[PDB]
Amino acid sequence: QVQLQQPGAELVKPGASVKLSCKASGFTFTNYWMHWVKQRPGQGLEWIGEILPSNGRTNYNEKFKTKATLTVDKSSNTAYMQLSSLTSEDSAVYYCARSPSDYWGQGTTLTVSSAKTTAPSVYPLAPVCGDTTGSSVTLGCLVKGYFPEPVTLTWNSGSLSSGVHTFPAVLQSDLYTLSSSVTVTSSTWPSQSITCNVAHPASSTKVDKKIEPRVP
Amino acid sequence: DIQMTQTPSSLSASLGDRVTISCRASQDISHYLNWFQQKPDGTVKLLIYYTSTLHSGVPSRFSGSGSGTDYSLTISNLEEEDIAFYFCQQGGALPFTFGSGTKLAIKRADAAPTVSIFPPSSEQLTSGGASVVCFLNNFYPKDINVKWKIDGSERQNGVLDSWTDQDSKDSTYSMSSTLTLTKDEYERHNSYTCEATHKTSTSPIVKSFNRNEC
Amino acid sequence: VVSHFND
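Protein chains in written order, with the deposited numbering: chain H, 1 to 52, 52A, 53 to 82, 82A to 82C, 83 to 212; chain L, 1 to 214; chain P, 1 to 7.
Following this line, the structure appears as C-alpha cells:
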C-alpha cells in the first residue's frame, strides 16, 4: 500500500545535473513532509532536507543548500530532488521518505563518473600448477578493469553454484574489479571441467575462461 | 546540529537472544527518537518512533525506551529476519540527524580462514600487469587481516580488498585480497606471500609461491 | 504521536 517509487540507478557525468524522482502511491502526499537522505558506504547517513507539498515550505540541511533543490508536482503526486554540479562526492544511494507514519523509497543509486564503457579482462585463478594439497581445491576468476557495473559471473553455466564466493566489485581508479572463487573436491578437478562465465552487458561481452593447470 | 552516538557499531547474537542497541544525543531531543532497519537489498523501514511507538506491522518483540538524551531499542528474542542494519534518527530538531548504525549479525563458532594464493596468469602478464590473489574464505569472526609480502618485505601499495557479507548458510565471512603489480616489477622479485591474521590462531596462516614452482 | 517535532 503506502509506497514511494524511485528509479533504481542512474549514471551521470561530473558537472551535469540530475533530477531524482519519488512518486508516492497509496496516499496523497499533500500534508506529509517529503524528506531526502543520502547514503554513501563509508560516511553514515545524511539528511538532505524535506519539502511540504501543500505550500512548498522547505527545511534544508545547510550543507546541501545549492547542491540540492527539492520540488513537488501535485498532479502526479511526485517529489523531486535536483542535484547540480555533480562530483564524485555525490555518488551514493539517495532515498526519499514521508513523515509522519514514515515510509521510505527503495533508494536510487547515483554514480557520477566520466569513465567510459570498458570491457573487462578475465584472468584464470588456479593453484600454481598442480594443486596446493588437499581433499578439496579452490579455483577462481579475476575480472579486472570494467565499466560500468555490472558483470554477471557464473560457474559452469550456473551448474556450479555452491562453494562459490563472488566478491563485491571495487572501484580502483575509475574502473571496476571483481573476483570469484569456487571450491571443489580435489578428485573432481581437473578431471571435470570448470569454466567461469563472465558477461558484461554494457560492452556486450561474454567470456568463458576454462580453469586448467599451467606453471607460473 | 545534534550529534547521535549509536552503540555498538556491530553486534553478533544467536536466534532467540535479547538484543539492545543504544543511541545517545548531544542535546535533549524531547522523546523524538526514531529507529530504522535496513536490509541488504537497501529496503528501509521505520520500526519505532517517538522513542517507543511501534509502526504499523512491526512485531511485538521490538520495543524502545529512553528520554532526554538516552535511548534504546530492544529485540526480546531475535529472529533471522531481524538480522539487519539499524540506525536511529533524532527528530527533535532541524536539521534531523542519524546515529552511525549497528550491523547486527549471527553468532557462530570461530572458524579459521581457508587461505588460497594464486599466481598471475600469462593473459595478464602479456598485457603488462601481474595480479596475485588470495582468498581468505569462510572465517568467523569478521575481523581479519591480510599482509602481502614480496621477497619477505611488506607491501602496502596496490592491494585491493573486498569482503563478502555474512553467509546465509554457515554464518561465515569471506574476503578477497589482490596485489597488483606491473609485469616488470613482478619479474624483479621471486617470492610472493599472503599472511592471514585472524583470532583463530596465534600465528598467521601464510600462503606463498615463487616465480617458479611445480 | 509523530516521528518529528514539526510533523
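Every residue, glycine too, gets a C-beta built ideally from N, C-alpha and C.
Burial state of residue i, where buried means 16 or more other Cβ atoms lie within 10 Å
i: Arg94 of chain H; result: buried
i: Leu15 of chain L; result: exposed
i: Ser84 of chain H; result: exposed
i: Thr104 of chain H; result: buried
i: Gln5 of chain H; result: exposed
i: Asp7 of chain P; result: buried
i: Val108 of chain H; result: buried
i: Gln90 of chain L; result: buried
i: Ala78 of chain H; result: buried
i: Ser177 of chain H; result: buried
i: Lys206 of chain H; result: exposed
i: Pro52A of chain H; result: buried
i: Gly101 of chain H; result: buried
i: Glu50 of chain H; result: buried
i: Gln1 of chain H; result: exposed
i: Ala9 of chain H; result: exposed
i: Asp70 of chain L; result: exposed
i: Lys207 of chain L; result: buried
i: residue 8 of chain P; result: Given that chain P is displayed from residue 1 to residue 7, the structure contains no residue 8 of chain P and the question cannot be resolved.
Start-to-end residues for the alpha helix (DSSP H) that takes in residue i
i: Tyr186 of chain L; result: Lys183 to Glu187
i: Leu15 of chain L; result: No alpha helix (DSSP H) holds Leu15 of chain L; DSSP gives it neither H nor E.
i: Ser122 of chain L; result: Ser122 to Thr126
Any C-beta of chain H under 9 Å from that of residue i
i: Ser30 of chain L; result: no
i: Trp163 of chain L; result: yes
i: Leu179 of chain L; result: no
i: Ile106 of chain L; result: no
i: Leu160 of chain L; result: yes
i: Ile117 of chain L; result: yes
i: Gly101 of chain L; result: yes
i: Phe139 of chain L; result: no
i: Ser201 of chain L; result: no
i: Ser131 of chain L; result: yes
i: residue 270 of chain L; result: For residue 270 of chain L there is no data in the structure shown, the boundaries of chain L being 1 and 214.
i: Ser191 of chain L; result: no
i: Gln156 of chain L; result: no
CB contact below 9 Å: residue i versus chain P
i: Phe96 of chain L; result: yes
i: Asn193 of chain H; result: no
i: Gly91 of chain L; result: yes
i: residue 298 of chain L; result: Outside the shown range of chain L, which is 1 to 214, sits residue 298 of chain L, and nothing can be said about it.
i: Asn60 of chain H; result: no
Beta-ladder partner(s) of residue i, from DSSP
i: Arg40 of chain H; result: Answer is none; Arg40 of chain H lacks a bridge partner.
i: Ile150 of chain L; result: L:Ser153 and L:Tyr192
i: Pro120 of chain H; result: H:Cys137
i: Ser72 of chain L; result: L:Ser22 and L:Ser65
i: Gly129 of chain L; result: L:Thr182
i: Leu82C of chain H; result: BP columns for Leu82C of chain H are empty, so no partner.
i: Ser132 of chain H; result: H:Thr181
i: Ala9 of chain H; result: H:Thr105
i: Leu167 of chain H; result: H:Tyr172
i: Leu136 of chain L; result: L:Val115 and L:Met175
First through last residue of the beta strand (DSSP E) which encompasses residue i
i: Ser162 of chain L; result: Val159 to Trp163
i: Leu171 of chain H; result: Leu171 to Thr181
i: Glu145 of chain H; result: No beta strand (DSSP E) holds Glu145 of chain H; DSSP gives it neither H nor E.
i: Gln3 of chain H; result: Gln3 to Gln5
i: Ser95 of chain H; result: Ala88 to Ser95
i: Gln27 of chain L; result: First-last for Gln27 of chain L: undefined, no H or E at that position.
i: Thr102 of chain L; result: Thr102 to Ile106
i: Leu45 of chain H; result: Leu45 to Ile51
i: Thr114 of chain H; result: No beta strand (DSSP E) holds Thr114 of chain H; DSSP gives it neither H nor E.
i: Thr57 of chain H; result: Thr57 to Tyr59
i: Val206 of chain L; result: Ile205 to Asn210
i: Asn193 of chain H; result: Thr191 to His196
i: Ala112 of chain L; result: Neither: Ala112 of chain L is in no beta strand (DSSP E) and is coded neither H nor E.
i: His4 of chain P; result: Per DSSP, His4 of chain P belongs to no beta strand (DSSP E) and is neither H nor E.
i: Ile207 of chain H; result: Segment: none, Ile207 of chain H is in no beta strand (DSSP E) and carries neither H nor E.
i: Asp82 of chain L; result: Note, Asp82 of chain L: premise wrong, no beta strand (DSSP E); not H, not E.
i: residue 234 of chain H; result: For chain H, the structure presents residues 1 to 212; residue 234 of chain H sits outside this window and is missing.
i: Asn34 of chain L; result: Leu33 to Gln38
i: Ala67 of chain H; result: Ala67 to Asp72
Chain L within 9 Å of residue i, Cβ atoms only
i: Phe163 of chain H; result: yes
i: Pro212 of chain H; result: yes
i: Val166 of chain H; result: yes
i: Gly55 of chain H; result: no
i: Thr128 of chain H; result: yes
Quiz prompt | Cβ-based contacts, 8 Å cut-off: residues of the stretch 38-70 of chain L near chain P | solution = Those residues of the stretch 38-70 of chain L that come within reach of chain P (Cβ to Cβ, closer than 8 Å) are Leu46, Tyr49, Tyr50 and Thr53.
Quiz prompt | chain P contacts made by the stretch 14-48 of chain H, where a contact means CB separation under 7 Å | solution = Cβ contacts with chain P: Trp33.
Quiz prompt | Near-chain P residues of the stretch 90-103 of chain H - C-beta to any C-beta below 7 Å | solution = With the criterion set as a beta carbon lying under 7 Å from some beta carbon of chain P, the members of the stretch 90-103 of chain H are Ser95, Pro96 and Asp98, in sequence order.
Quiz item: Given a limit of 9 Å on CB to CB distance, which residues of the stretch 100-125 of chain H reach chain L?
Solution: Taking 9 Å as the Cβ-Cβ cut-off against chain L, the residues of the stretch 100-125 of chain H that qualify are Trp100, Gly101, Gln102, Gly103, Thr105, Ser117, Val118, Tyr119, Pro120, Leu121, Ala122, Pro123, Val124 and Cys125.
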